[PDB]
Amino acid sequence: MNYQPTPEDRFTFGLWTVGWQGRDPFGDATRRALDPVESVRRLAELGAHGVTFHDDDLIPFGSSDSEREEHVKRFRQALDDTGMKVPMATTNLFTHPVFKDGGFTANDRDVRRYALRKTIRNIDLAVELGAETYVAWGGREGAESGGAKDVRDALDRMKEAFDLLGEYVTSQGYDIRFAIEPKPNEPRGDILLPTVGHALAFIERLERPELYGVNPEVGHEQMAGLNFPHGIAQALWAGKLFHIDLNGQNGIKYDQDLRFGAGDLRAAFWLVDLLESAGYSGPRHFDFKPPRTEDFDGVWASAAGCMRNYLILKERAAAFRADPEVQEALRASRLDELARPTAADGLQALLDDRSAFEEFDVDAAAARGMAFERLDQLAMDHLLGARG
């Protein structure tokens, strides 16, 4: 009867989300800066379980070692005061002008070494605060023109960078894993590892692949027109969904970062159905921006709506899967047969089975309808609460 989140639902938010001041490529900030302590207190009141940060969200760029310890202490006290956790952290390798051609794959070698040292410094801080996952979004790794970047050499440099970070955490004995966040474009014309598939493929060429997974974001795969629940299914199949970023996006255009549930609502439904069915147990993290039309009351309304929409879709997807009429429709569409092996009898038995070829009635099999439209209308009725 109530869709109230509790810290048990594992909802987490980046400091940079509710703290986004509203600067966009065509306009100035519409909101004042939020102190991270205040964000932690407000998020805790709304039912969130934790927060995440980039190094530069928490410690302003340039800070002295003492200003640093000052910023971390106040933050740690807010966490102690509220019971909030820090499950993930990441590095900002995109805002400062030095990173204009990238951090790990910048053409200048000195910038690449600086990017690695800035990252390692924040991994130590993240472990101290108890984060389990370290995200890497290579927002400036890419190009606007074809001759500017030899991509084979850049992938060599990207591999070199992640291999060194894995050597570092293993040498330190840290129990933290890495999660690469793909994005196809923006702010570079084309970004390297642009989709979940490219990131999963890259990981298999790292020296210690078991330390790396993906942190897919709803809106980013949708900027390439792709089906986000399908890509998450492939990540889960691979054993590599270490974290996830939830938000909304209306199609192929600039990265909108709308609140979760906005954008493609049916994709949100099928995503929640998959995460809850698959038993995904990581944080439900929102990487969203409250629109710059909003004042601070609207920021908190937008953040609350992220959690509300997850909990309504969870309820609808659970009602869908529990409906006996839906279970019968699933059998009518042969989802049960999809889960059976094609040829557990083995290759030789397949080759010798005349019912598989010589005496297969293809015209009868072809005439069988798949009954998918009835099934999808049951899913629609459940999403809209119209059953029925």
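Start at 1 with the first residue shown and count on from there.
Once the C-alpha B-factors are averaged per stretch, 226-234 and 279-287 rank with 279-287 first. Of the two segments examined, 82-90 and 257-265, it is 82-90 that shows the higher average Cα temperature factor in the deposited entry. Looking only at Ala329, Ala48, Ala33, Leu338, the residue with the top Cα B factor in the deposited structure is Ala33. Between the residues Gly189, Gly251, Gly305, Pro182, the entry's highest C-alpha temperature factor is the one at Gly251. In the deposited entry, the Cα temperature factor of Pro25 sits in the top third of values across the chain's modelled residues. When all modelled residues of the chain are sorted by CA temperature factor, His220 is found within the lowest third.
Ranked against the other modelled residues of its chain, the C-alpha B-factor of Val18 as given in the entry falls in the middle third. Among the modelled residues of the chain, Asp273 sits in the middle third by CA temperature factor in this PDB entry.
Among all modelled residues in its chain, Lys100 ranks in the lowest third by Cα B-factor.
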